[PDB]
Amino acid sequence: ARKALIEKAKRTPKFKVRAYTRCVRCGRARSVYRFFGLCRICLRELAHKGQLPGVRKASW
Amino acid sequence: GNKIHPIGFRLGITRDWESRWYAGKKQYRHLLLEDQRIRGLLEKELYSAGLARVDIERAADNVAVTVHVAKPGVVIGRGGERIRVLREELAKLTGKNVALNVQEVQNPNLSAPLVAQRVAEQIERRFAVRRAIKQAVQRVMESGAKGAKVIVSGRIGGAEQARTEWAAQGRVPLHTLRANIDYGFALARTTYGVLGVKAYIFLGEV
Amino acid sequence: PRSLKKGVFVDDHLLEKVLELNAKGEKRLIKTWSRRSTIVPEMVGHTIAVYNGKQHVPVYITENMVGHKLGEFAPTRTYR
Amino acid sequence: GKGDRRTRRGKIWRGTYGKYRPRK
RNA sequence: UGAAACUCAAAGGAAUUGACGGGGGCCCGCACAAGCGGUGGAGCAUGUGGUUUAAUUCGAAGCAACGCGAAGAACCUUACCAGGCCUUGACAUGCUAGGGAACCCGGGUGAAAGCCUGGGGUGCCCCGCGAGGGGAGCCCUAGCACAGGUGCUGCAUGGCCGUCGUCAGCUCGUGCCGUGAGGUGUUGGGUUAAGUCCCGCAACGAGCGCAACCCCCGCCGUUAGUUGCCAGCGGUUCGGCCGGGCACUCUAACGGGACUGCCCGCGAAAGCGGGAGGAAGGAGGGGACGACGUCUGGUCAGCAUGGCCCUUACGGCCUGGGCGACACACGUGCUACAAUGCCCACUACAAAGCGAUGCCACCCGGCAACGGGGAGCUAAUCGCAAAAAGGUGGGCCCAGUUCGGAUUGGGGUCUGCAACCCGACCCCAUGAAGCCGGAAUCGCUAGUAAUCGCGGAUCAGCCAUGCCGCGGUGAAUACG
Ligand SMILES: [K+]
Ligand SMILES: [K+]
Ligand SMILES: [K+]
Ligand SMILES: [K+]
Ligand SMILES: [K+]
Ligand SMILES: [Mg+2]
Ligand SMILES: [Mg+2]
Ligand SMILES: [Mg+2]
Ligand SMILES: [Mg+2]
Ligand SMILES: [Mg+2]
Ligand SMILES: [Mg+2]
Ligand SMILES: [Mg+2]
Ligand SMILES: [Mg+2]
Ligand SMILES: [Mg+2]
Ligand SMILES: [Mg+2]
Ligand SMILES: [Mg+2]
Ligand SMILES: [Mg+2]
Ligand SMILES: [Mg+2]
Ligand SMILES: [Mg+2]
Ligand SMILES: [Mg+2]
Ligand SMILES: [Mg+2]
Ligand SMILES: [Mg+2]
Ligand SMILES: [Mg+2]
Ligand SMILES: [Mg+2]
Ligand SMILES: [Mg+2]
Ligand SMILES: [Mg+2]
Ligand SMILES: [Mg+2]
Ligand SMILES: [Mg+2]
Ligand SMILES: [Mg+2]
Ligand SMILES: [Mg+2]
Ligand SMILES: [Mg+2]
Ligand SMILES: [Mg+2]
Ligand SMILES: [Mg+2]
Ligand SMILES: [Mg+2]
Ligand SMILES: [Mg+2]
Ligand SMILES: [Mg+2]
Ligand SMILES: [Mg+2]
Ligand SMILES: [Mg+2]
Ligand SMILES: [Mg+2]
Ligand SMILES: [Mg+2]
Ligand SMILES: [Mg+2]
Ligand SMILES: [Mg+2]
Ligand SMILES: [Mg+2]
Ligand SMILES: [Mg+2]
Ligand SMILES: [Mg+2]
Ligand SMILES: [Mg+2]
Ligand SMILES: [Mg+2]
Ligand SMILES: [Mg+2]
Ligand SMILES: [Mg+2]
Ligand SMILES: [Mg+2]
Ligand SMILES: [Mg+2]
Ligand SMILES: [Mg+2]
Ligand SMILES: [Mg+2]
Ligand SMILES: [Mg+2]
Ligand SMILES: [Mg+2]
Ligand SMILES: [Mg+2]
Ligand SMILES: [Mg+2]
Ligand SMILES: [Mg+2]
Ligand SMILES: [Mg+2]
Ligand SMILES: [Zn+2]
């Protein structure tokens, strides 16, 4: 996550298509779950801390 | 490369979420971001009070924010002005205009995060790591605590080669679901690098 | 088996440029960074330097070249 | 087979609809 | 009988813990064998090696790298390259200093970024009749302390992951033995999936592991009727459609149930063999869960972080190209080579999921992609939706074909500022290789393999044949 690239958030991307999501926490580009706004790593870390309500370990 | 986080392992039974609220799919990510900003501002402020945990609850436009601290006298301030300024920062960050509470932690040595923070501090002050660990485990064990474990990571003593020092006693059954093991983690930023500190405390079973 | 749609696309950078030439004449070359632009009849007879990513290539345009993009006449890769 | 664009199974595999696999 | 010069920090004995043995004994695992289906050949998809290139960004390296980081590379992403620009900067905190300061709308140039220029508007705090002066934020110029770096080092590191390995192990306390390293316990007999339990024993216990407590699937019950049902009757546009009702199905919370409990035989015991009852037995089936440690394993390119290095560029913005190059080599896959099959028509049975700038019933236009119109749905109540293999009827008649759909020509639809490089989808024409694959090599022991469809994450669109899930049909074989 390069700091200049956090220019990602833009009210004026100049095009809707140039708009891409990032991780709100670590700034990761790839693997960003839309539901949590996080990336997958952060997702697992916070899920493990219990800071994501309702999120539990799944087994079946 | 093993050993999943014990809290995350136990979240269903003998552990409960730090943030408990419901939200929709168009809501969740936002409230989560908010909670994160809250914890992030709180932890970089209230550290000197030794916060072991931050709980967050919501219904509608209202947030619990129950802060667990070893020394509430710090978060209160003089006559309660500190908590005032903190609620001010809270309302300035999130416009929700919500409440705040302070719960004292009896025996801070029985809560893992604080123990880890202790050992971390000692390491940052250039203590003897091995004895810091053994001591900490001792202090944890002497008060309740059917089991305890403390783990320090590499570059112990500023050594060129990373090492891992152990020091655990009692019972720490990580594989038992009903264990109720508090876990905590603290860094140490030193001149030569970073040290990880893990703390396991086993209290009671069923 | 290609397609675009109704309302064919041409970048308006050179679109006005070429007819600006046509108004008063032919002149010489052009320099265009837009290879995504379709070729239209009014361009015929002119010469367009197209960016291949490195340099500008002097593409002369004829009657049978209409409808293709400029970039098709400016290959980007160098092979053997 | 499942690779023929012009067959029912080709559509089903490719997951699309068309002349050879109507929507009714 | 028996030297010397020269030269080394040892040479050597016994014992200890390991590792190894083309040493021995005992015992496991799809390890072999038995069996079923594959890869290796073909075409295509994808990743990699190599070569090429201005650049083809970087990483991953035998199992444990190669459909891996990538759960979505046209621009973006993007870290690479070419060119046009910017520097107290796209982001944080602060200081000095001239001047203007909040801010709104234009013009020139341009590929955009940027550079330049012009015009509206002068609220606050204090002093003054006024002119006006000074002043805080904020914004622009100049300088300073700094930002920034996906620049190097994963042998400087945290965290997290892979791995031997879900393997049956690794240790401690006290006692005892040994000068000591260490040993005993943990060895032995029986048993187990198990250092699981039993018996014995200079040992007695204990911890991390095993097992159990957690989840799903199996049978039953209680609680509940916007899902269900002529179970039951009345009505019926005969559709659970209306009345009506929680009996059944289902839904989702709690609870029961299985413990070698009962019978026979063996045994010292733990347990083993068999039988009864039971929905289910000897761990009922499947998950989550992976010990002390090993590989100076992987990752500073997710994040954090020590050290080093660049700071008119190793930072920053944009247009375009590249990550998609192709004489070649490999890995993982897809579709096939057909009759236990392909095609067309009609007809039947599922589970899990997603849905508001969303799923899109139904009507019209279109051969179709799709377009126009438009009902319902915050969704057990509407939609995606068709499940497919299957069944019935018909066509093909063994041929590179009505097998197989690569390649290529042409005409279109949609997303998107934009499909040349480089999207997917529809229609017409084209109709390749391929006749079951050399040496070699892979998976799987039961609802498994094989086979058939369905959904989801990322995402405007999509190169998804990938991944992660769901159900339908449903085998062979295991002497050892
Ligand atoms: K034994
Ligand atoms: K089980
Ligand atoms: K290492
Ligand atoms: K075969
Ligand atoms: K088939
Ligand atoms: Mg960074
Ligand atoms: Mg995108
Ligand atoms: Mg993204
Ligand atoms: Mg030390
Ligand atoms: Mg058109
Ligand atoms: Mg065919
Ligand atoms: Mg010897
Ligand atoms: Mg040999
Ligand atoms: Mg075999
Ligand atoms: Mg092949
Ligand atoms: Mg590469
Ligand atoms: Mg690197
Ligand atoms: Mg592999
Ligand atoms: Mg794979
Ligand atoms: Mg760029
Ligand atoms: Mg610096
Ligand atoms: Mg390493
Ligand atoms: Mg590491
Ligand atoms: Mg490496
Ligand atoms: Mg290395
Ligand atoms: Mg096991
Ligand atoms: Mg396994
Ligand atoms: Mg001892
Ligand atoms: Mg001896
Ligand atoms: Mg002695
Ligand atoms: Mg010992
Ligand atoms: Mg021993
Ligand atoms: Mg022994
Ligand atoms: Mg045991
Ligand atoms: Mg045994
Ligand atoms: Mg014994
Ligand atoms: Mg029932
Ligand atoms: Mg309902
Ligand atoms: Mg209901
Ligand atoms: Mg009932
Ligand atoms: Mg276990
Ligand atoms: Mg790539
Ligand atoms: Mg070549
Ligand atoms: Mg050559
Ligand atoms: Mg290879
Ligand atoms: Mg319907
Ligand atoms: Mg029609
Ligand atoms: Mg209903
Ligand atoms: Mg038939
Ligand atoms: Mg027939
Ligand atoms: Mg044919
Ligand atoms: Mg042939
Ligand atoms: Mg034949
Ligand atoms: Mg051959
Ligand atoms: Mg063979
Ligand atoms: Mg097996
Ligand atoms: Mg998609
Ligand atoms: Mg393609
Ligand atoms: Mg799919
Ligand atoms: Zn993240």
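Structure determination for this entry is recorded as X-ray crystallography, at 3.345 Å resolution.

### Focus on a nonpolar patch on the surface
Side chains of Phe185(B), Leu187(B) and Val194(B) sit close together on the surface and give an oily, nonpolar patch of about 290 Å² of accessible area. Take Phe185(B): its relative accessible area is 47%, and that puts it in the partly exposed class.

### Digging into the packing of aromatic side chains
Under the criterion given, the structure shown has six aromatic pairs over all chains. Ring geometry for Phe36(A) and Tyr28(B): centres 5.6 Å apart, planes at 90°, overall edge-to-face. Highlighted residues: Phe36(A) in the segment before α1 (40-49) and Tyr28(B) in helix α2 (residues 28-43), drawn from two different chains. Side by side, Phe36(A) and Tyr28(B) carry an identical accessibility label, which is buried. When the centroid spacing of 5.5 Å and the interplanar angle of 75° are considered together, the rings of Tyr183(B) and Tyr200(B) count as edge-to-face. Note that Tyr183(B) is positioned in strand β7 (residues 181-189) and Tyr200(B) in strand β8 (residues 194-202), a separation of 17 residues in sequence. Neither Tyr183(B) nor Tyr200(B) differs from the other in exposure class; each is buried. Ring pairs connect the aromatic residues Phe35(A), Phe36(A), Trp21(B) and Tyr28(B), which therefore count as one cluster. A cation over a ring is seen here: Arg58(B) above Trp21(B), with NZ or CZ 5.7 Å from the ring centre.

### Details of the UniProt feature "binding site: Zn(2+)" in chain A
Residues and elements named next belong to chain A. The sites that carry the UniProt feature "binding site: Zn(2+)" are, in the present numbering, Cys 23, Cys 26, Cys 39 and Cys 42. Look at the named residues: they lie 20 residues apart in sequence, but the longest C-alpha span between them is just 8.3 Å, so in the fold they bunch up. Within the secondary structure layout, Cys 39 lies in the segment before α1. Leaving out residues up to four positions away in the same chain, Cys 39 has contacts with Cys 23, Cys 26, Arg 28, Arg 30, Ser 31 and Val 32. Within the secondary structure layout, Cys 42 lies in helix α1. Classification of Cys 42 as buried rests on a relative accessible area of 4%.

### Things to note about a positive patch on the surface
Residues and elements named next belong to chain B. A surface patch of positive charge is lined by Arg 125, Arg 130, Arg 131 and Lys 134. Checked against the element boundaries, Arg 131 lands in helix α6 (residues 129-142). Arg 131 gets classed as partly exposed once you look at its relative accessible area, which sits at 43%.

### Here we look at unusual backbone geometry
For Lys14(A), which is not a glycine, the phi torsion comes out positive at approximately 80°. Under the relative-accessibility criterion, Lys14(A) is labelled exposed at 67%. In this structure, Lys24(D) takes a positive phi of about 65° despite not being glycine. Mapped onto the fold, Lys24(D) is located in the segment after α1 (8-14).

### Brief notes about the domain arrangement of chain B
Residue and element names in this part refer to chain B. Along its sequence, chain B is carved into domain 1 (16-106) and domain 2 (107-206). Taken together, the seven residues of domain 1 in the interface contact seven residues of domain 2. For the pair domain 1 and domain 2, the two sides together bury roughly 560 Å², of which 58% comes from carbon and sulfur. Area buried by domain 1 at its contact with domain 2 is led by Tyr 47, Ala 52 and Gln 106, which between them contribute 62% of it. The interface formed by domain 1 and domain 2 contains zero salt bridges. When grouped by side-chain class, the residues that make up the side of domain 1 that touches domain 2 number five nonpolar, two polar and no charged.

Cut-off values and rules
- Every chain here is numbered from 1 following its written sequence, a scheme that can differ from the numbering in the entry; residues without coordinates are not drawn.
- Here every chain gets a letter starting at A, and every ligand a number starting at 1, in the order they are written.
- Within a larger assembly, only the chains shown are considered here, and all values are given for them alone.
- Excluding hydrogens and water, the side-chain figures rest on all heavy atoms present in the structure.
- Think of a patch as exposed residues, more than 30% relative accessible area, with no salt bridge, where like charges cluster within 9 Å and nonpolar side chains (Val, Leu, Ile, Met, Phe, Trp, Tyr) cluster within 5 Å.
- Each accessible area is a Shrake-Rupley estimate made with a 1.4 Å probe; only the visible protein chains count as cover when residues are assessed.
- Any carboxyl oxygen of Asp or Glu within 4 Å of a side-chain nitrogen of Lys or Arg constitutes a salt bridge here.
- Partly exposed describes any residue whose relative accessible area lies between the buried limit of under 20% and the exposed limit of over 50%, with all areas from a 1.4 Å probe on protein chains only and scaled to the type maximum.
- In this scheme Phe, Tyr and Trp rings, the latter by its six-membered ring, pair at centre separations within 6.5 Å, and the angle between planes marks the pair as stacked below 30 degrees, edge-to-face above 60, and tilted otherwise.
- Per the convention used, a helix needs a DSSP run of H or I reaching at least four residues, while a strand needs a run of E reaching at least two, with both numbered from the N terminus.
- Sitting over a ring, as applied to charges here, requires NZ of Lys or CZ of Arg to be within 6 Å of the ring centre and within 35 degrees of the ring normal.
- UniProt positions are given in the numbering used here, feature names are shortened, and annotations may be inferred rather than shown by experiment.
- Contacts: residue pairs with any heavy atoms within 4.5 Å of one another.
- Charge counting treats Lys and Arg as positive and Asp and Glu as negative, with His and both chain ends excluded.
- Note that the charge is assigned to NZ on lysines, CZ on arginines, CG on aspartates and CD on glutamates.
- The source of the domain bounds is an automatic or database domain assignment.
- The quantity reported as buried area is the accessible area (1.4 Å probe) lost by two parts once they are put together, taken as the sum for both.
- Only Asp, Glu, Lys and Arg are considered charged in this grouping, and only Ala, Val, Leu, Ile, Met, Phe, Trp, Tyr, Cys and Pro are considered nonpolar; every other residue, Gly among them, is considered polar.

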